[PDB]
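See below for the structure under consideration.
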Amino acid sequence: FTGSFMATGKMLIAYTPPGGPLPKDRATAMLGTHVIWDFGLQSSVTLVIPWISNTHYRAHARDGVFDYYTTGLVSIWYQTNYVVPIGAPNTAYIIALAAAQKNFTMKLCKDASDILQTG
Amino acid sequence: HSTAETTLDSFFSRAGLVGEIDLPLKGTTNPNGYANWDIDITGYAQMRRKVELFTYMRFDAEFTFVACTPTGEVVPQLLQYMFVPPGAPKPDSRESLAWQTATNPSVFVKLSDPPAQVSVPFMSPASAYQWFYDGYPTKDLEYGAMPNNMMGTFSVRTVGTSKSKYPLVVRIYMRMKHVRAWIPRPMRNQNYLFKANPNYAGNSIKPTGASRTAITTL
Amino acid sequence: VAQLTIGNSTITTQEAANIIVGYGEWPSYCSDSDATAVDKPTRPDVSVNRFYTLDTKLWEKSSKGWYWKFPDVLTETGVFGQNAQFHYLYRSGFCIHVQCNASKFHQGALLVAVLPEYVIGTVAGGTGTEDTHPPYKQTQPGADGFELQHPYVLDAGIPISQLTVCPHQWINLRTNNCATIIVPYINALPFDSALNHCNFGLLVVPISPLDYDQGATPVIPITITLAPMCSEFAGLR
Amino acid sequence: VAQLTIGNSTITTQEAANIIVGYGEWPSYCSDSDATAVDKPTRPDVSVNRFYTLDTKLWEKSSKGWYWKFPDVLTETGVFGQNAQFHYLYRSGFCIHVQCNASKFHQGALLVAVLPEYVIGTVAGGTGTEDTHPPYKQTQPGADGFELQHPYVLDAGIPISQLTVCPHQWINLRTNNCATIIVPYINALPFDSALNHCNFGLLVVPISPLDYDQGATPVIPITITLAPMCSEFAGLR
Amino acid sequence: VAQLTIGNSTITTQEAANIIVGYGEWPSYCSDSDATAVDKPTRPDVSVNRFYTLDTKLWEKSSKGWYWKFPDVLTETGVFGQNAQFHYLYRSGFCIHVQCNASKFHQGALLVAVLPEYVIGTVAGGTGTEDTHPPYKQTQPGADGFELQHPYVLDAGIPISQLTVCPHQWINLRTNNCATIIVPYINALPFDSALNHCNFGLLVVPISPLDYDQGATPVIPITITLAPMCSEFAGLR
């Protein structure tokens, strides 16, 4: 969270495992895996996507891809409203950083790119 | 240095007047020489607010029957005080077979004999009586009703097949004993409207106590 | 400051203000030599006992106060409400955590208390001659809770000035933003009906009214997070 | 909070946030059994290795970002620039300390990173058919540094979203105002030309834009202070 | 003869005929060092693992045979079906107990077998030129199971005469009335979709047709009772 120091409030960050559909509302999202983030208390918070696996093979059009289906979803909800005092901006930004954990791996080299050396 | 007078037993001791049964000769009131008084500790005005300082209470009661005519005169009349415990059928007539059912303890006494006196145990099937019950018994008219607080009923009557020669009055006094209470709560500060609920007059909501002109003038 | 987790629920909170243990008693279970020892009362652990964070209420200058009924507040909510409905008997304790988010330029003070057997009363038609009775929406308001109409008498003819006689805690914006209360199972029976009897009420009322200057966020969020402790259910249906 | 001194230079700074040691390596010297052991490389200590505080940059809502080239940034500046020019070969490490001064009512976040061999690219005439080449003012900007024209691609066709793969640190106004990075000498040769080759670039870009309300100082000062570590020079001229 | 209980379910059965443990392996769990060790797979015990007795089938002289698909057969049924649907991954074993009730004057013999990956085939329009595909009602028939149309080829082009190559047991009315088979989790992956993939089929086919004389109850009841063993679920929804 990169808002003002004087700004406070709570956000509910939720992970819906694969198959599960985006929660209708905050209420139901709360019933699942989630984190109540108080950007008044801590400026950063980290969510862990327990597991993703791009292994299920597909053969759609005529081009055979190896796609996910393991699309877990991360939904962010306003738990409270954004609270600020006089003189503090009414809009703040959140920066999201991501990376794979140590148990991450990759198989089958596949050179592919749209960015190739020019003529 | 002592603190006995502020113990719950002390606070709730004493025998208060909880009931008054009228047995007139000519009259609209109790025309059948008998009367059924369901036990109500609230009979003593002052009691309701006091017991309601707590949520749950447990106790015994000693009942004393002081009978005489409306002039306080003493007459040669035999009486029957029958205690029909909760769950038992009360008499519906001066000739109900209930008056004869052995399981309804009865005391027979003369108006000339000193007051009758008996002890009634904690009757509730629950661990304690409770003045407040936020729920319904399995918008509604059943809200707040804890039935498991019935202590029983006292059926009063002159003895005999024929009406009594005298006009009578039986005053029922109750002394709470072996008192225990739990979960204290704010003391009622608005007048009561109904025996069964906390409803208060929303138009006449008065301040808890007295007021003054300004906060700086005593 | 540190964030705690129970199951899949994680709340961010401050190290540890002072918790209040209602009547000095921790919520405990009910042992084998009880009335129903034939129908062993299953004690939910997994998901049932975790952090439920309810819809935040907005505190305004005009706000009179709010209250929630337990266990009613969760009987609709998720897997606890699951058990609360399809089980004949229930008993349980609760960790209640009421939190605010306000700037150092906001001001006010909330009184947070727990009142067992919080029976609501009606105005009785104003003149007090009408023996009206509170609606089901007022008696058992769900997770949205309900707003007091006459706080001074706690919508029940009793002085809120004396509400402190009950397990309570103050949330004075200039000194703290959260209150925590532990409630043990309080009733005249070991087990009771989860849907018919509300063992207690959660009251949060402004005693020193919300205030701030023009330009500051005008509504302050009161967020109730609560977790069941030592809950038991009996007789599945 | 405490103020440190190296020679005649004294900066006031906070006890010790987290320093970042680029690639886990501390700047060290180069031992005797090297290519030039005949022309003993003098290792400046006295004044050469001390605190150089450059002209403060003003962060604005519109600011796209700034970058400086090392050792170019000091080759003009004082007694280090003295050695940097009249010496044939050079190698050196650096302590870089980027600090902000803003109120608790300002907001924003800068990404501070070090990118070895930060080769700049041109827009190539827009259509990309012009093989234009960056100016000397852009390639080696001096102590005033230079402003990015297209931060998203770091003025070089690469994603700034991935700049964190380089030694870096964040300056999020609501949590910190300074970042510190230690850079070891990084090159494919032990010694190289101080004026022709810029071993690395210092990038400081706003990712979460500066913001504040009307009436608050509209420009926030980014002050770069830097000190050479284990610098060596060879072949005097 | 003696009656056993698991939870609230109690079946009356004979001491212990010969049970068949499919492939000599008992259904076991899946240990911590697995693909999903982050999302700990809850292993239902309480009610989930108990006796489910399905609608009895009536064996007739004309009966061709029945089959059920697992785990499909219970995905609709109660608290197991509860988990089977709202959980992303599943693995489990099964105790299957097929029982008959017939007089010493009835006669016949059923072959009870378990066939992993029991893919059903269609008649292909009779001439075999139609690439028709089995319906969902045929592929995953629920707790009522489904009746074979062409037992000789197990509705899939394979000889039922060779079905004994699979975990099986015979129910020959003149010698026994019940068969019991233990099936371990059999699949090319440790966990899989409970609703999309049916790990195996339960086949019960009359090889020696039902027979009795006029006046004897004309339909004999085949009652399938089954209990999950070492079931695991992952990823709640």
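So the sequences go chain by chain: C, A, B, B' and B''. A prime marks a further copy of an entry chain. Numbered according to PDB author numbering, the first sequence spans residues 121 to 239. Numbered according to PDB author numbering, the second sequence spans residues 73 to 210, 218 to 297. Numbered according to PDB author numbering, the third sequence spans residues 82 to 318. Numbered according to PDB author numbering, the fourth sequence spans residues 82 to 318. Numbered according to PDB author numbering, the fifth sequence spans residues 82 to 318. Note that CB positions come from ideal geometry on N, CA and C, so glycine has one too.
I want to verify the contact list: residues of chain A whose CB lies under 8 Å from the CB of residue i, in sequence order.
i: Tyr217(B); result: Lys218, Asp219
Are the beta-carbon atoms belonging to residue i and residue j less than 8 Å from one another?
i: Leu284(B'); j: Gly146(B'); result: yes
i: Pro152(B''); j: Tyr171(B''); result: yes
i: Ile101(B); j: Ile263(B); result: yes
i: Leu291(B''); j: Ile301(B''); result: yes
i: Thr261(B); j: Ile92(B); result: no
i: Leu95(A); j: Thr237(A); result: yes
i: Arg121(A); j: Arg254(A); result: no
i: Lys150(B''); j: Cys279(B''); result: yes
i: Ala280(A); j: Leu272(A); result: yes
i: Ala224(B''); j: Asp120(B''); result: no
i: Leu229(B); j: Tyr148(B); result: yes
i: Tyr202(C); j: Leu167(C); result: no
i: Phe233(A); j: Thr127(A); result: no
i: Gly174(B'); j: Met310(B'); result: yes
i: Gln221(C); j: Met131(C); result: no
i: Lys182(A); j: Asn108(A); result: no
i: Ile262(A); j: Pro232(B); result: no
i: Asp112(A); j: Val90(A); result: yes
i: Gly231(A); j: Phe131(A); result: no
Going along the chain, which residues of its own chain have a beta-carbon closer than 6 Å to the beta-carbon of residue i, five neighbours each way excluded?
i: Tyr199(B'); result: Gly282
i: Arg178(C); result: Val185, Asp187
i: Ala194(B'); result: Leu244, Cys247, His249, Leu284
i: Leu235(B'); result: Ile241
i: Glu211(B); result: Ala205
Along chain B', in chain order, which residues have C-beta atoms closer than 7 Å to that of residue i?
i: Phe224(C); result: Chain B' residues near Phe224(C): none, gap ~16 Å exceeds 7 Å.
Below 8 Å CB to CB, which residues in the same chain sit around residue i once its five sequence neighbours on both sides are set aside?
i: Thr94(B''); result: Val82, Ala83, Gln84, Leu85, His178, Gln180, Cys259
i: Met129(A); result: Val123, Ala200, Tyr201, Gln202, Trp203, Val258, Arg259, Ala260, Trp261
i: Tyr189(C); result: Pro138, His176
Residues of chain A with CB closer than 7 Å to the CB of residue i, please, in chain order.
i: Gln243(B); result: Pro265, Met266
i: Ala237(B); result: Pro277
How would you list, in chain order, the residues of chain C whose beta-carbon sits under 7 Å from the beta-carbon of residue i?
i: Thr256(B'); result: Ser163
i: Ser90(B); result: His154
Would you mind reading off the limits of the alpha helix (DSSP H) that contains residue i?
i: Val160(B''); result: 159 to 166
i: residue 320(B); result: Given that chain B is displayed from residue 82 to residue 318, the structure contains no residue 320(B) and the question cannot be resolved.
i: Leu139(B); result: No alpha helix (DSSP H) holds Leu139(B); the beta strand (DSSP E) holding it covers 138 to 140.
i: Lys121(B'); result: No alpha helix (DSSP H) contains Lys121(B'), which DSSP labels as neither H nor E.
i: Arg254(A); result: Unbroken run through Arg254(A) is the beta strand (DSSP E), 247 to 263; no alpha helix (DSSP H).
i: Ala149(C); result: 146 to 150
Can you find a C-beta in chain D that's less than 8 Å from the C-beta of residue i?
i: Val193(B''); result: Absent from the structure is chain D; the protein chains it does hold are C, A, B, B' and B''.
In terms of residues, what are the limits of the beta strand (DSSP E) holding residue i?
i: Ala269(B''); result: Careful: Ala269(B'') lies outside any beta strand (DSSP E) and carries neither H nor E.
i: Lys218(B); result: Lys218(B) -> not in any beta strand (DSSP E); alpha helix (DSSP H) instead, spanning 217 to 220.
i: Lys150(B); result: 147 to 151
i: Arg166(A); result: Taken as a continuous stretch (DSSP letters only), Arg166(A) belongs to no beta strand (DSSP E), as it is neither H nor E.
i: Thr91(B'); result: 90 to 94
i: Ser191(A); result: 188 to 192
i: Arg236(A); result: 232 to 237
Can you find the residues in the same chain that come closer than 7 Å, C-beta to C-beta, to residue i, ignoring five residues on each side of it along the sequence?
i: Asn164(B); result: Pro125, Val129, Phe314
i: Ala208(C); result: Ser124, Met126, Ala127
i: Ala149(C); result: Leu132, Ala134, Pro143, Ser195, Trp197
i: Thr220(B); result: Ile201
Mind listing the chain A neighbours of residue i? Cutoff is C-beta to C-beta under 9 Å, in chain order.
i: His231(B); result: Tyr279, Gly281, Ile284
Which chain B'' residues are close to residue i, counting only those with a beta carbon under 8 Å from its beta carbon?
i: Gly139(C); result: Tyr169, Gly316, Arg318
Residues, ordered as in the chain, of the segment 148 to 181 of chain C that lie near chain B'' by beta-carbon distance below 8 Å: Residues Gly152, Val168, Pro170, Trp171, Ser173.
The segment 100 to 125 of chain B: positions lying closer than 8 Å to chain B'' by Cβ: Cβ contacts with chain B'' come from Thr123.
Name, going along the chain, the residues of the segment 183 to 215 of chain B whose beta-carbon falls closer than 7 Å to a beta-carbon of chain B''. Result list empty, no residue passes.
Going along the segment 288 to 309 of chain B' in order, which residues come within less than 8 Å of chain C, judged by CB to CB distance? Listed by position along the chain: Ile288, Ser289, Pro290, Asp292, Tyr293, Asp294, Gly296, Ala297.
Pull out every residue of the segment 159 to 172 of chain B whose Cβ sits closer than 9 Å to any Cβ of chain C, in chain order. Answer set for the segment 159 to 172 of chain B: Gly159, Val160.
Counting only Cβ-Cβ distances shorter than 9 Å, please list the residues of the segment 120 to 154 of chain B'' near chain B, keeping chain order. Those residues of the segment 120 to 154 of chain B'' that come within reach of chain B (Cβ to Cβ, closer than 9 Å) are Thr123, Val127, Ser128.
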